[PDB]
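All remarks here apply to the structure that follows.
Using ideal geometry, Cβ is built from the backbone for each residue, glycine included, and neighbour counts are taken over all protein chains shown. Each value in this text was obtained by applying a stated rule to the coordinates, not by laboratory testing.
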């Protein structure tokens, strides 16, 4: 019922995983589903970020990679789905 | 005491301040004076930077701008003296 | 900022406090200063720092943040089409 | 590896030295909820690191300077006297 939006970069992260490691892409897909259902609790250890990231949340895709998002009553928006070096 | 080196962008930072606010450039000069005599203590709340920035230090020029530098036994190098948005 | 001596006497309600208002408490001593925070707030802090500590990751993320704040770059996807693709 | 609030309070003097010496935060559990005690210096140093990286343009300009510095081809020398002359002193 909550719609899913992507920032362009988050979308490219998703594309990247579809080709790079598809289980990671399935992880992300499961995470998104659970976020949509209720954005602030559940799997992947959701954390309310601080400081300049206040209002944003992260869930763990991997021990390394994080899905960072924002959520309202009508929509959830994905910001990133890959950790960069 | 120690000799002082500037990265070209930190030199441009100083020039920038000479033209926009000479008081700020005088605070920068004061900090560099303190740094060459006693690298890691003094005014500006010197902080050891962490992670990838490990080995560099920051002091406060004001609540916004930071002088970031590296220091050794013979020399001190300034990398930046301005915060950018 | 409180001294280590009072923090030791008052540790219990200082733990209730940090769990109530989510502000760190700074403690001073001769062995060095410490920060006390709630476990929840510490986890949120460590994760915030984790996202921001790699300069490349900080840049991409905060650029995403800036465009999200301008509210005109995002586009839509259904979770079914996502499951579709990841299959 | 967490300790009780009872133990933490008993040992708080040496705990403060410990978290500062091993640079390792300790987790504390209690009936009111849990807490974490850590080095104030490490806390401040990470906040400051994160302050520098949290603006994309700043992070970019800084790492470019850091990259040049590691190569060590671009840097040049000035005396503080020179700086003082140009700035009209120091303060």
Flagged in the stretch C:31-51 as surrounded by 19 or more Cβ atoms within 10 Å (Cβ to Cβ) and more than 7 Å from every other protein chain (Cβ to nearest Cβ), in numbering order, are C:41
Going through the stretch B:62-85 in order, the residues found to be under 22 Å from residue B:2 (Cβ atoms) and buried (at least 18 other Cβ atoms within 10 Å of the Cβ) are B:66, B:67, B:68, B:69, B:70, B:71, B:76, B:77, B:78, B:79, B:80, B:81
### Task
Check whether at least one residue in the stretch A:8-26 is under 13 Å from residue C:65 (Cα atoms) and surrounded by fewer than 23 Cβ atoms within 10 Å (Cβ to Cβ), and report yes or no.
yes
